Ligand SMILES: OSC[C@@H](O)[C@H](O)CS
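In C-alpha cells, the next block holds one chain alone, the form deposited without the named molecule.
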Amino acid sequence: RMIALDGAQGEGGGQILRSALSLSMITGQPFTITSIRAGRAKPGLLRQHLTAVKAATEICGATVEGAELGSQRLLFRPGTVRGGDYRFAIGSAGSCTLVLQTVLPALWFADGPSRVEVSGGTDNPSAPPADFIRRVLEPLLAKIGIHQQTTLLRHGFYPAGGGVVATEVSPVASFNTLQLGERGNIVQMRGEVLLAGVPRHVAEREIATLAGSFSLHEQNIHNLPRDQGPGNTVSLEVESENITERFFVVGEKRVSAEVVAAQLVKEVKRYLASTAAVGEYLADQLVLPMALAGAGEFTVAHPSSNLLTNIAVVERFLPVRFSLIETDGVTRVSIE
C-alpha cells in the first residue's frame, strides 16, 4: 500500500518527487520518500519542492507528513483528484513548468476539465521551457490521447520570478499507443532569440551564430519588457518528418552572445548526429504518459540519468515494465 522511495541516489526532491506525486494521485497509493537530498550542503526539501507538494495536496485533498523546509522525509497520502481552476505561486525560487509537470498528469485523471496557472520563474535552464511543452510535448501527448494546452502569459526570466504559465487540460477519455523511431528528414529549422533588458545586438549576434552553422528557414527575435528580465534565451526548433524537437540555452552573465549560441549549436548537432526523433529531454517526459497508456515506444540517442530515474519510479507505482535495448548507439525504450 505505502510505496517507499529512496532519495539517496539523487532527485529525491526533484524528478522522484514530481513523478511520485502525480502517480500517487492517479493510483491512490500513498508514498514516503526518505533521505531527500541528504548529501547536499543545504539538505532536504527546498522551497520549490514544498510548493510542488502543496499544489498536489490542494488538488487531491492529501494528508502529508514532513512537508517542511529541510525535511529529508516526506509522506503523502492522496485523496480524490478534483478538476477545476487552480492557481499556484512558486516565485523566483522555482519553475512554473516544473509545478505543471508535477500536477498535470494527475489532472488527466480528474473528473472534469481543469486550468492550472502558475506564477514564478520561467526560462529556467533546468526545466522544460513553456514553448517546449506547447510545441514538442503536447503534440505527442495528443497522439497518446492526452489533451492539454500550455500558454506562457508572461516571462519572468530565471533567476527572477514574476512569470506566468497556464495549462488547460481535459480528462483522458482513451489512451493510444505512440510509437516513434527514426527522425526522418528535416522540414525546417527555426531559430529564436528572446531578450529582456538586454541590448538588441545580442539577439542579432545569436541569430548570426546559428545561421553560421544551420540554414534557418525561420528566424525570430522577441524583445520583451525590461522588467521581465534581465534575460536572454536562444532556441532552435528542428521540424522533421517524424517529430518536432526544440533545444534552448539560457544566456549567462559573462558569456558572449556568440558563445551562448555556440552551446546551442553543439547541442543541436549532437541531436542530429544520431538517428533518433526523440531528444534527450523529451525522452524523460514521455515515460509517464506512455506508462499510463500501457504501451508505446521511442528511440533516444542517450538515455539520461533522469530518464532512468523516471522509469524506476513509474515502475514502482504501475505494473509496467520498460525495455531499454541499445544497439548502434541508439536505445529503443518500450513500455513492455
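Residue positions are given as counts along the sequence shown, with the first one as 1.
Q. If you average the CA temperature factors over each stretch, which comes out higher, 41-49 or 293-301?
A. Per the PDB entry, the higher value belongs to 41-49.
Q: Mind pulling up the entry and telling me whether 180-188 or 222-230 has the higher mean Cα temperature factor?
A: It is 222-230 that shows the higher mean C-alpha B-factor.
Q: Select one of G197, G251, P129, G163: the residue whose C-alpha shows the highest B-factor in the crystal structure entry.
A: Highest C-alpha B-factor among the listed options: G251.
Q) Hey, out of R77, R135, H155, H217, whose CA B-factor is highest in the deposited coordinates? A) Top of the list by C-alpha B-factor: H217.
Q. Considering only modelled residues of the same chain, in which third does the CA B-factor of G279 rank: lowest, middle or highest?
A. As the PDB entry reports it, the C-alpha B-factor of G279 lands in the lowest third of its chain.
Q: Among all modelled residues of this chain, ranked by Cα B factor, put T32 in the bottom, middle or top third, i.e. lowest, middle or highest.
A: According to the entry, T32 has a C-alpha B-factor in the chain's middle third.
Q: For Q9, return the chain-relative third of its C-alpha B-factor as stated in the PDB record: lowest, middle or highest.
A: Its C-alpha B-factor belongs to the highest third of this chain's values.
Q: Among all modelled residues of this chain, ranked by Cα B factor, put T209 in the bottom, middle or top third, i.e. lowest, middle or highest.
A: It falls in the top third of the chain.
Q | Modelled-residue ranking by C-alpha temperature factor, third containing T57 | A | Within its chain, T57 is a middle-third residue by C-alpha B-factor, going by the deposited values.
Missing here is the form solved in complex with the named molecule; even so, the following discussion is about that form.
(Q) My question is simply whether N232 lines the interface with the named molecule in the deposited complex - judged by any non-hydrogen atom within 4.5 Å. (A) Yes - in the deposited complex, heavy atoms of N232 and the named molecule come within 4.5 Å of each other.
Q: With heavy atoms only and a cut-off of 4.5 Å, decide whether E182 touches the named molecule in the deposited complex.
A: Contact with the named molecule, no.
Q: Give a yes or no for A110: in the deposited complex, does one of its heavy atoms lie within 4.5 Å of a heavy atom belonging to the named molecule?
A: Close contact is absent here: in the deposited complex, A110 is far from the named molecule, nothing within 4.5 Å, heavy atoms only.
Q | the named molecule contact at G121 in the deposited complex, heavy atom, 4.5 Å | A | No, no contact at 4.5 Å.
Q. With the partner removed from view, which of 254-262, 169-177, 217-225, 141-149 is the stretch that lies within 4.5 Å of the named molecule in the deposited complex, judged by heavy atom distances?
A. Correct option: 254-262.
Q. Which pick from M189, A89, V164, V198 sits with a heavy atom within 4.5 Å of the named molecule in the deposited complex?
A. Selected residue: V198.
Q.
Under the 4.5 Å heavy atom criterion, name the residues of 277-304 that approach the named molecule in the deposited complex, in sequence order.
A. Heavy-atom contacts to the named molecule in the deposited complex: nothing from 277-304.
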